[PDB]
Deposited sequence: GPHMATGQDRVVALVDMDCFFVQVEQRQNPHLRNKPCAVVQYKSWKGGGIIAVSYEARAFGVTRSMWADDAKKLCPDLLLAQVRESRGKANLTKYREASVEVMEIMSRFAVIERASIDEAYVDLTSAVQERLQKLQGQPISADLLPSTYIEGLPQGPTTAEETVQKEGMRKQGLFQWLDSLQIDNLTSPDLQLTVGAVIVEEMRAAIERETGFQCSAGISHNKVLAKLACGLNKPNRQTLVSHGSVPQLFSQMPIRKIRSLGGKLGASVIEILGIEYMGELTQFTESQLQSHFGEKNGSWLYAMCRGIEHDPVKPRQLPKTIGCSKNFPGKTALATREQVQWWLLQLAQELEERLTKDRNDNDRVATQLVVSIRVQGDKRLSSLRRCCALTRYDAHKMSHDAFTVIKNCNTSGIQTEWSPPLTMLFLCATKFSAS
């Protein structure tokens, strides 16, 4: 029934904003956003405080426009180094959080601001340790139970709803009404409360979490009650939760596959997938996608929390849109060098911290007039952490791309440059 594991997804609330707010107390509890590159339209917003979100401020919005919706919006700018955004401060902040989480359980770094947590073992330890002990509501001060309260005064307030639902849940657990998987999830949520308290105490950062039996449900659960709260999605809550859940909300269905599911099957909500046989879904969407959809619409997913706290690749890139697109050989080389230099510093830090060395260098560019993130990818050996070598090699593998008869000019002009270090080995 896909109730074998206890899995959490912890997500730092508006992470880059919290990083700037911890550093500059004047930004705390105010409508605030983080932007990069001030010159064009005041900067592109990449993170927004909940206070600012209330005014309709969103990410991918220009700061000048965000200021129209929210006149008192405060802005913090991403550091800029060698002509490009420098995300070091947030990478370092993210490391502080991951190292704390890693104390409680096996962690999978999902992105700069989120990680999956496999609590299956930690739960078992706590249960035998706490054998015969009832779980108090006081152990779950920030936990929502999805789907509760239900059934025929304080409910007008959201904290009231939260407690009433928690009490119904706990009372059921205590009387033996709710299952052993439900108990495991509950102890799981207790551990996540502790993890989230430790993160806040030791970093100042708040986060939300979802607790369920797999990564997809835990990630969905996480988004149900934000900010600074955590949500338990039990196996039993799935039918009602999915019954009105737009397909695009489920992890991996937010794009073309999701749209094709909706269009081909003529459905809107996740629960509607249950009517189809596994073979039916495999026929439309392929063997892997079909099997996954068949189990997922019933709340079952088997993808493991991978034990990996460290990124698999180390990369950096810069876009050069419109007029800014690079048109000279000298220009391309100079930006490659800027990219290579950031990369050298990050790689050397990586090698000292994490005892590994990258062995491959991937060069990626986007040619002018191409919509895809990458027009092309070429690879070469990464044999030394030297910015001059890396930029020189990077140029060598892409220099053929140039269409111009003249040596100096570059055609077609470049929309993007990207360097990625990959294929790490123990050092």
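- Counting the deposited sequence from 1, the stretches lacking C-alpha coordinates are 1-5, 158-160.
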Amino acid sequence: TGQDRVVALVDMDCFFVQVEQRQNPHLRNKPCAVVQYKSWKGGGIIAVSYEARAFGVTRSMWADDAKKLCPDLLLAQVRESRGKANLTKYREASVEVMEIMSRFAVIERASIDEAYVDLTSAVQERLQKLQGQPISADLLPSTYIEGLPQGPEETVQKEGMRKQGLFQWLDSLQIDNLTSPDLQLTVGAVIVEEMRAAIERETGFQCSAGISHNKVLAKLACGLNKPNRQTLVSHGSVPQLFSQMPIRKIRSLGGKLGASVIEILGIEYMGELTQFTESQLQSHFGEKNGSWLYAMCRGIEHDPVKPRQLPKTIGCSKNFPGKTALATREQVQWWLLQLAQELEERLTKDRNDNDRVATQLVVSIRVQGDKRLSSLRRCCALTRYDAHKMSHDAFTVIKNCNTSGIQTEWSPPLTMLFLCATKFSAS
From here on, numbers count along this sequence of modelled residues.
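By rigid core we mean the largest C-alpha set that fits within 1.5 Å across both forms.
- Where the structures in 8 other deposited structures of this protein are fitted on the rigid core, 125-133 is the one of 258-266 and 125-133 whose C-alphas sit farther from the shown form on average.
- Where the structures in 8 other deposited structures of this protein are fitted on the rigid core, 176-184 is the one of 176-184 and 299-307 whose C-alphas sit farther from the shown form on average.
- Per the records, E153 is among the residues left out by at least a third of the other compared entries, whereas the shown structure includes it.
- Two stretches are in play, 330-338 and 81-89, and the higher mean C-alpha B-factor belongs to 330-338.
- Two stretches are in play, 18-26 and 412-420, and the higher mean C-alpha B-factor belongs to 412-420.
- Looking at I107, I175, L241, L74, the one whose CA carries the top B-factor in the deposited record is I175.
- The top Cα temperature factor in the record, among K129, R248, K288, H213, falls on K129.
- When all modelled residues of the chain are sorted by CA temperature factor, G42 is found within the middle third.
- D182: CA B factor lies in the lowest third for its chain, per the PDB record.
- For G299, the recorded CA B-factor ranks within the lowest third of the chain. Only modelled residues enter the ranking.
- In the deposited entry, the Cα temperature factor of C70 sits in the bottom third of values across the chain's modelled residues.
- Among all modelled residues in this chain, the alpha-carbon of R346 has a temperature factor (C-alpha) in the middle third.
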